[PDB]
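Residue numbers (UniProt numbering), protein chains in the order written: chain A, 30 to 218; chain B, 30 to 218; chain C, 30 to 218; chain D, 30 to 218. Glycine included, each C-beta is placed from N, C-alpha and C at the ideal position. Presented below is the structure to which this report refers.
There are 4 protein chains.
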Amino acid sequence: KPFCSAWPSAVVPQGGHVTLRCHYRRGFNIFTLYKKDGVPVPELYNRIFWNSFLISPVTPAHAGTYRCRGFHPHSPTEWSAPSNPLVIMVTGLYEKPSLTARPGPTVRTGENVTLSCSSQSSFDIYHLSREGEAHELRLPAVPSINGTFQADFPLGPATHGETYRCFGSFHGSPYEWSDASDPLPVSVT
Amino acid sequence: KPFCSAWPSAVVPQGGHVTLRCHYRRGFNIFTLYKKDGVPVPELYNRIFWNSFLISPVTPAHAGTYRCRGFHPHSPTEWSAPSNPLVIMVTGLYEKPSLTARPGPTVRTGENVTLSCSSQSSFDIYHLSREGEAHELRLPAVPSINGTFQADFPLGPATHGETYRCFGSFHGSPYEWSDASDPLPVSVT
Amino acid sequence: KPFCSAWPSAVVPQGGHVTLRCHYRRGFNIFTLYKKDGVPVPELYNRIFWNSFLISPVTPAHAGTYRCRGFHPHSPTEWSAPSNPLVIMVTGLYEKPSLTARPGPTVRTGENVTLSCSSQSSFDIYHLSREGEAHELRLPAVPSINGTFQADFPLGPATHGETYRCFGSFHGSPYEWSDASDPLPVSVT
Amino acid sequence: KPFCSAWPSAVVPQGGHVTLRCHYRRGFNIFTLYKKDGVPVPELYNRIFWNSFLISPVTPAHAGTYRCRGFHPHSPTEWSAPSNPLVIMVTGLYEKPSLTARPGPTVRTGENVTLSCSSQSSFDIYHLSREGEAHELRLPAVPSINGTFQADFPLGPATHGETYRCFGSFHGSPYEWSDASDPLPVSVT
Ligand SMILES: *[C@@H]1O[C@H](CO)[C@@H](O)[C@H](O)[C@H]1NC(C)=O
Ligand SMILES: *[C@@H]1O[C@H](CO)[C@@H](O)[C@H](O)[C@H]1NC(C)=O
Ligand SMILES: *[C@@H]1O[C@H](CO)[C@@H](O)[C@H](O)[C@H]1NC(C)=O
Ligand SMILES: *[C@@H]1O[C@H](CO)[C@@H](O)[C@H](O)[C@H]1NC(C)=O
């Protein structure tokens, strides 16, 4: 199967651009796109591209999972197995959620830290992201006694200083994210 | 991942200039630029640069968060991991807030100093910066008569003499700052 | 260079359908499409296809001249030379001209037959096509009372019986044709 | 030096698109663009691109000669020699010239054929193009006793059937071409 990455970023703001770049050593660098998740995009249905494919400008419809088969002319199907799943995320669609820290943004080593995303928007899911990590954490949003939709991320004992932002998303659109929270720098002393 | 910095300062006055610099040890100093909080200005759109890159004059449209990947030819992605956050803040957009100290400009060593940023403008976030330390503090504004918005930065024990300034910014654009407040030098006896 | 053809016909009625086909012996049947007389319709913009490609329904925006390069991976350009001209003409846009024969529908073998296309419309170019022969003839229109535009196609000696039709087209759009004239069968005794 | 080609066509209609694709075996596929001829384009001045560079939409300012240096980090200049000159042509800017044949579009083998481009537009140069040949012929436009600017291409004795089109261009813009002539099919019997 081919190796497909997003350049320069899989996480792209609304109105931005992204290039789906694929490489295939077995066969040739002629690929066919496949959008698995997200809003249906007809102009992406069985679309054949060379080396790379430029999505611009990026709309909320482009958020979702993509896969690519490489041209392998001397195989039974003349096309290869699907590539690695490539998830494209679109941000800056809804109001940004507020991010706060318990007990506070500054705590000692070995102390449990728990972040909270809050919003007046009826987000179904909250996505916490840390600067440095590409692995995003996602938790369901639960209503509070204030009229806000909230989720609490328990990070556990502190090991080193980090910086967090969070996003909100409605049902049926997990990759269509809101504006990012203001950066919350967790300092570990 | 590459090391990116803004020079002479990430906090750059409108009409001023800034240089996006980056250095990459593991590979080659060919860097691709991308903005995370919105679509970039045209001369920053699809921008790959060599070593450093000069922006002049600086406009409000340059304010935001940026990342860079260094050229890593012999890797799956042919590019490095996202660099350290490359933030650009533009000042001089709104009238400067007033900065006051508590208990005052001169204080005893080990005593608590609290700096209040206050304006008639309806800022959402005040930012307290210090001379010599490229580390800004963020706080939300609060209403209080006489029809003013205010934020109190408690710095804890005062160890050494330090001069401060503060900027006002509105809710939808946290990287677009007001004119700098008059400098407040705190002396420590 | 690849061989490209339109099927069932390059002369295709508006609202009708056409299939762009191509075959490439020297390399692979992966073809890139491009229009030479203007920017292409969106589903033809950045269009790479496998073997053949179906257009339905056909709109006036599809009319024009096209080329195709077959996939030639192990060459400097990684693509072939431009194919044979792939022309699309759309009919049914204007009222049909009237087609007349000289001396008439039935003629002696070896005699000269001249076909006049005539309309009240101010066409710039008349196009004479024949049933069975995928080769159209082009001629400019000429003013003459009763306030009509006309073109005379001299076919020379009449060898065999053949049915003709003609289309009118205006100066700025030579690939956008009128409705077909009533068929004129020429008999040869 | 790198090998740089235009995809899918160096000859691109106004409002169209073209991709400057470069390959470099010695060093890496990081290139820097250079526009030698044509109208000055600042956003193309020392612009660094990866693998390919997409010009879209194409304007008359993009017509001209391009060269590319490849990234060769362990060389005295860290960049290589300029690539092959890549001429990009923009068509469909002015009215199309008329193309006629002397003595006629149909002649016997070994007969001298001479084409003529005519126009009411003050073209300084006429460019004859043949279907199949990438080599364009250019002749200066000379005024006639009719008020038209004309040029005569003497092709000499006929060898095989061909198809010709022609373009017109004004002074100082040799690669900014008009609309193509109607195709003139020279038949050789
Ligand atoms: C963090 O939570 C875990 C689980 O309840 C607990 O075992 C641990 O003692 C806590 N750490 C601190 C510093 O409170
Ligand atoms: C001074 O600040 C320190 C740290 O912020 C705090 O522990 C202390 O209680 C404060 N004292 C007063 C009098 O506010
Ligand atoms: C008939 O047509 C042929 C070829 O076009 C021409 O040589 C001949 O002179 C014509 N005869 C008449 C009577 O028009
Ligand atoms: C074509 O022109 C050349 C040069 O004048 C001449 O030698 C030749 O005989 C001409 N051919 C014909 C068929 O007239």
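Taking the beta strand (DSSP E) that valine 68 of chain C falls in, what are its first and last residues? Here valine 68 of chain C belongs to no beta strand (DSSP E), and DSSP marks it neither H nor E.
Suppose the cutoff is 6 Å on Cβ atoms and the five residues either side in sequence are ignored; what does the same chain contact list for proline 212 of chain A look like? Around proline 212 of chain A: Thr192, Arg194.
Contact between the segment 90-101 of chain C and the segment 59-77 of chain C is defined here as three or more beta-carbon pairs at a separation below 8 Å; is this criterion met? Result yes; three or more Cβ-Cβ pairs closer than 8 Å.
Does any CB atom of chain D fall closer than 8 Å to the CB of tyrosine 53 of chain C? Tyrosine 53 of chain C does not count as touching chain D.
Using a threshold of 7 Å, is the CB atom of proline 186 of chain A nearer than that to any non-hydrogen atom of ligand 1? At least one heavy atom of ligand 1 is nearer than 7 Å to the Cβ of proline 186 of chain A, so yes.
Starting from the beta carbon of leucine 83 of chain D, find every residue of chain A whose beta carbon is closer than 8 Å, and list them in chain order.
Going along chain A in sequence order, the residues near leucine 83 of chain D (Cβ under 8 Å) are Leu83.
### Query
Beta-carbon of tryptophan 79 of chain C versus every beta-carbon of chain D: anything under 8 Å?
Using a Cβ-Cβ cut-off of 8 Å, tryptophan 79 of chain C does not count as an interface residue toward chain D, since no Cβ of chain D sits closer than that to its own.
Determine, using beta carbons only, whether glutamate 160 of chain D comes closer than 8 Å to chain C. So, interface residue.
Fill in: Buried or exposed by the 16-neighbour rule on C-beta atoms within 10 Å, applied to residue 219 of chain D
Residue numbering for chain D in the displayed model covers 30 to 218; residue 219 of chain D lies beyond these limits and cannot be assessed.
**Message:** Looking only at its chain, what residues have a beta carbon closer than 6 Å to the beta carbon of residue 219 of chain B, apart from the 5 residues adjacent to it on each side?
**Reply:** Residue coverage of chain B in this structure runs from 30 to 218, which leaves residue 219 of chain B outside it and unanswerable.
Report task. Give the C-beta separation of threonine 129 of chain C and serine 145 of chain C to the nearest angstrom, bearing in mind that I take them to be a contact with Cβ-Cβ under 8 Å. Result -> That belief holds up - the Cβ atoms of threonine 129 of chain C and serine 145 of chain C are roughly 5 Å apart, short of 8 Å.
Check: Measuring CA to CA, which of B:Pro102, B:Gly44, B:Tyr155 is closest to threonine 88 of chain B?
Finding: With distances taken between Cα atoms, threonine 88 of chain B lies closest to B:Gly44.
Interface partners of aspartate 153 of chain A on chain B, CB under 8 Å = Ordered by position in chain B, no residue passes the 8 Å Cβ test against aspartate 153 of chain A, which lies about 23 Å from the chain.
Just tell me which of C:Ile174, C:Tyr123, C:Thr106 has its CA closest to the CA of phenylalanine 152 of chain C.
Comparing Cα-Cα distances from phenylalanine 152 of chain C to each of C:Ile174, C:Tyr123, C:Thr106, the minimum goes to C:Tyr123.
Through-space distance from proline 183 of chain C to residue 219 of chain D, alpha-carbon basis: This structure leaves residue 219 of chain D out entirely; chain D is present only between 30 and 218.
Residue nearest to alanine 187 of chain D in terms of C-alpha spacing, selected from D:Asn75, D:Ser150, D:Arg131 = For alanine 187 of chain D, the closest alpha carbon among the candidates D:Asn75, D:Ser150, D:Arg131 is that of D:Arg131.
Practice prompt. Please name the residue in A:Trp206, A:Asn141, A:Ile77, A:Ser207 whose C-alpha comes closest to that of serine 216 of chain A.
Written response: Nearest of A:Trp206, A:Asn141, A:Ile77, A:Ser207 to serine 216 of chain A, Cα basis: A:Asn141.
**Study point:** Beta-carbon spacing of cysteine 51 of chain D, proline 31 of chain D below 8 Å
**Key:** In this structure, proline 31 of chain D lies closer than 8 Å to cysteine 51 of chain D by Cβ.
field: Continuous beta strand (DSSP E) stretch holding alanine 35 of chain A: start and end
entry: For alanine 35 of chain A, the uninterrupted beta strand (DSSP E) run begins and ends at 32-36, by DSSP.
Problem set entry | For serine 198 of chain C and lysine 125 of chain C, believed in contact at Cβ under 8 Å, the rounded distance | About 12 Å separates the beta carbon of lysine 125 of chain C from that of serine 198 of chain C, a gap too long to meet the 8 Å contact definition.
Terminal residues of the beta strand (DSSP E) in which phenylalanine 182 of chain A lies = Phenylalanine 182 of chain A: member of the beta strand (DSSP E) spanning 178-186, first to last residue.
Measuring only the C-alpha atoms, how far is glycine 176 of chain A from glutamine 149 of chain A? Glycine 176 of chain A and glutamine 149 of chain A have their C-alpha atoms some 7 Å from each other.
At 7 Å on the CB atoms, spell out the chain B contacts of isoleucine 59 of chain D, in chain order.
-> Those within 7 Å of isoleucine 59 of chain D in chain B are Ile59, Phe100.
With respect to 7 Å, is the separation between the Cβ of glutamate 140 of chain A and the closest non-hydrogen atom of ligand 1 below this value? Checking the 7 Å criterion, the Cβ of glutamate 140 of chain A is within range of a heavy atom belonging to ligand 1.
* Can you list the residues of chain A that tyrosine 63 of chain B reaches, using a CB-CB cut of under 7 Å? -> The contacting residues are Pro37, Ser38.
Report task. Output, in chain order, the set of chain C residues within a Cβ distance shorter than 8 Å of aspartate 211 of chain D. Result -> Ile154, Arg167, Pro203, listed in chain order.
Going along chain B, which residues have a C-beta under 9 Å from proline 42 of chain A? Those are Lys64, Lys65, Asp66, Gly67, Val68, listed as they occur along chain B.
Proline 183 of chain C Cβ short of 7 Å to ligand 3 heavy atom set:
For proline 183 of chain C, the CB falls within less than 7 Å of some heavy atom of ligand 3.
query = Leaving out five residues before and five after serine 85 of chain A in sequence, what residues of the same chain have Cβ atoms less than 6 Å from its Cβ?
reply = For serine 85 of chain A, where only same-chain residues beyond five positions count, the Cβ hits under 6 Å are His46.
Practice task
Entirely within the segment 86-151 of chain A and at least 3 residues each: give me those beta strand (DSSP E) ranges in chain order.
Solution key: 93-100, 115-120, 127-131, 141-148, all fully within the segment 86-151 of chain A.
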